[PDB]
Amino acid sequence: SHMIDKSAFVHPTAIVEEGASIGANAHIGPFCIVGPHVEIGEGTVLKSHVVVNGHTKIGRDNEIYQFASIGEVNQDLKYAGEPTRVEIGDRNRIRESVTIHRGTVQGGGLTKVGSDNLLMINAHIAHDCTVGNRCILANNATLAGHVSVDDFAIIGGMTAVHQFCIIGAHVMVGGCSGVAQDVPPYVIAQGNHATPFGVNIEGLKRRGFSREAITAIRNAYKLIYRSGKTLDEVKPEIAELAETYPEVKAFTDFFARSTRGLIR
């Protein structure tokens, strides 16, 4: 803490401010700027030309590419320099020009990214976002403020997710989409505004979901989208299904967090 490990490498052209913590076998490349409240974990690499600032904690074995901006002042017009936070986990691939901004006081104070994510060129994570584990944001994918992207979700290229929206686990959002409402777990969404196109079967298969689990999830999707019933009508029905198929509880948990209605 507030120490640069003797096995970390800091390029002579880099500027790491006194107070920064840099772990064993980390690598700060040329022309990087690292502020005094940053913590960079073991084995993390900033290739070159990376700016990291604010109250920002980055885990182990991350790879952050040139022209990325991590921890920076957010774009919220109300933000006025309060000491809000960014947390990033482990083994993320954070590509050229990615931006990850600090929270706002009003939004909870924290922008959080988990582990094993791929954030492709110019992906944007606004203030107060929460990204889980094993997600993909393709090139130019943009999360406006207060967005949640749950585990394994893919946000396609050139896609915007509007403020406060929740993207459930194992979702796939097609490229060139505008997501203006909440996307239930396990769903394929595409378009502007994005609408649902069935369950992400190929994803669930690849990720080892059982036959029974995928059938149950398709049954939950049909309750929401095909039954023609109200969401409040089908909530008990989905809970009843989840009593046998635990993967269906993700719908229940998602309904509790959803504030924008569902894409339809």
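Don't overthink the numbering: it's just position in the shown sequence, from 1.
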Exercise for the section: State which stretch shows the higher mean Cα B factor in the entry: 166 to 174 or 75 to 83. Expected result: 75 to 83
Exercise for the section: Taking the mean of the C-alpha B-factors per stretch from the entry, tell me the winner out of 206 to 214 and 49 to 57. Expected result: 206 to 214
Practice task
Among the candidates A26, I70, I64, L231, give the one with the maximum CA B-factor reported in the record.
Solution key: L231
Exercise for the section: Place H146 in the lowest, middle or highest third of its chain's C-alpha B-factors, as listed in the PDB entry. Expected result: middle
Problem - Chain thirds of CA B-factor: placement of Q106 - result: highest
Handout entry: CA B-factor ranking of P30, expressed as a third of its chain
Key = lowest
Exercise for the section: Would you mind checking where the Cα B-factor of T130 ranks among the modelled residues of its chain, as the lowest, middle or highest third? Expected result: middle
Handout entry: Ranked C-alpha temperature factor of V16 among modelled chain residues, by third
Key = middle
